[PDB]
Amino acid sequence: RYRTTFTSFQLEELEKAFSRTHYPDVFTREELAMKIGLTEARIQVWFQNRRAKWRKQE
DNA sequence: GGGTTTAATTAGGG
DNA sequence: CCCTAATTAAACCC
């Protein structure tokens, strides 16, 4: 099973995107993908896990 | 190595 | 496709 090891860069940008919105549109997601060198799919997945984590800390 | 985090997958909702 | 909760398993880090 391949697992992505995100760089600190990818991670800080994912988090900055998340403060902006928990549910980014397609365009936001594809723009971020071009920026940080991840697929939209992996961003979507990161966002799924980020939202469940965020949810649990309430 | 093992406990914690967390990327990825599964099985469920419309 | 838009998601979820729960699970699985790999990476991080002491």
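Our structure is the block above this text.
Draft legend 1. Geometry of the protein's contact with DNA strand B. For DNA strand B, the full set of nearby residues is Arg1, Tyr2, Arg3, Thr4, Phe6, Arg42, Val45, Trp46, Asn49 and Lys53. Backbone sugar and phosphate groups make up 55% of those atoms of DNA strand B lying within 4 Å of the protein. Note that a base oxygen of DNA strand B is positioned 2.6 Å from one of the side-chain N or O atoms of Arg3. Taking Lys53, its side chain carries an N or O atom lying 3.1 Å from a phosphate oxygen of DNA strand B. Residue composition of the surface near DNA strand B, by class: four nonpolar, two polar and four charged.

Draft legend 2. Structural context of the side chain of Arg51. Tracing the sequence through the fold places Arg51 in helix α3 (residues 40-56). The buried charged residue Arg51 lacks any salt bridge partner; its closest oppositely charged side chain belongs to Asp25, at an N-O distance of 10 Å. A distance of 2.8 Å separates a polar atom in the side chain of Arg51 from the backbone oxygen of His22. Not counting chain neighbours up to four residues away, the residues in contact with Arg51 comprise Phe18, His22 and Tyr23.

The rules we used
Residues numbered from 1 in each chain as written, not as in the entry; some residues may be left out. Chains lettered and ligands numbered in written order. Heavy atoms only, no water. Near = heavy atom within 4 Å. Polar contact = N/O pair within 3.5 Å; in protein donor to acceptor, adjacent residues only side chain to side chain. Nonpolar A, V, L, I, M, F, W, Y, C, P; charged D, E, K, R; others polar. Helix = DSSP H or I, 4+ residues; strand = E, 2+ residues; numbered from the N terminus. Buried < 20%, exposed > 50% of the residue type's maximum accessible area, 1.4 Å probe, protein only. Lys, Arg positive; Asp, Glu negative; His and termini not counted. Salt bridge = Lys/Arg side-chain N within 4 Å of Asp/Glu carboxyl O. Contact = heavy atoms within 4.5 Å.

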